[PDB]
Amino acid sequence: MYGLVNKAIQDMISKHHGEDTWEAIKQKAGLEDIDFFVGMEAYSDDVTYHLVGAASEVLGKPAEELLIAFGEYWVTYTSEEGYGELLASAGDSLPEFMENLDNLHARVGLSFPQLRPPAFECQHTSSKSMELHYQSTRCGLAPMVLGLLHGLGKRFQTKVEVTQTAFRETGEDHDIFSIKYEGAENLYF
């Protein structure tokens, strides 16, 4: 994946766990030779997956737990490393934003020309509810989507309940996420 993902992982770990840890994790993963990650440089996917497994071990947290946290972090990280304007243009509400994710990764592709973006399809079951279809060229990153949606909840000041209703490793087409999202009414009543 692009070095931007790998720096984001480095920055997330260096923030919550201090720099000694991150360089322990970097060693377990087998990546000392890489003196640092370049955002715009494509890397073998190995680099990302190996960091996650190294992080899981050194930190004693499951891959799934780290992915869920990363997914939330990425929302923040992207808006602060100079992609705030893409995020902003993609929508002014969760439902709007969800429908333009492919369009967003299309726009990202201009800056990152070897991107292998994910694919999202939105089925609006109401103005409080949606089915999210996630399709990926890769395995094992459905948990990141949990995290992302939690970040997007905060983004739109919306409370988002997410249960994954379909799982690819049970032989389904794509991961499906059933999504319940409510604003001010959660608070006042």
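Numbering starts at 1 and follows the sequence shown.
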Query raised in the report: Comparing 33-41 with 128-136, which stretch shows the greater average C-alpha B-factor in the deposited entry?
Result: 33-41
Query - Mean C-alpha temperature factor, higher of 61-69 and 22-30 - result: 22-30
Report summary line: Note to self: of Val160, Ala55, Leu141, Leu146, the C-alpha temperature factor tops out at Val160
Query - Within-chain third of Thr48 by Cα B-factor, per the entry - result: lowest
Report summary line: Quick tally, chain-level thirds of C-alpha B-factors: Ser79 sits in the highest
Report summary line: Temperature factor at the Cα of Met12, chain-ranked in thirds, falls in the middle
Report task. Sorting the chain's modelled residues by C-alpha B-factor, tell me whether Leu4 ends up in the lowest, middle or highest third. Result -> middle
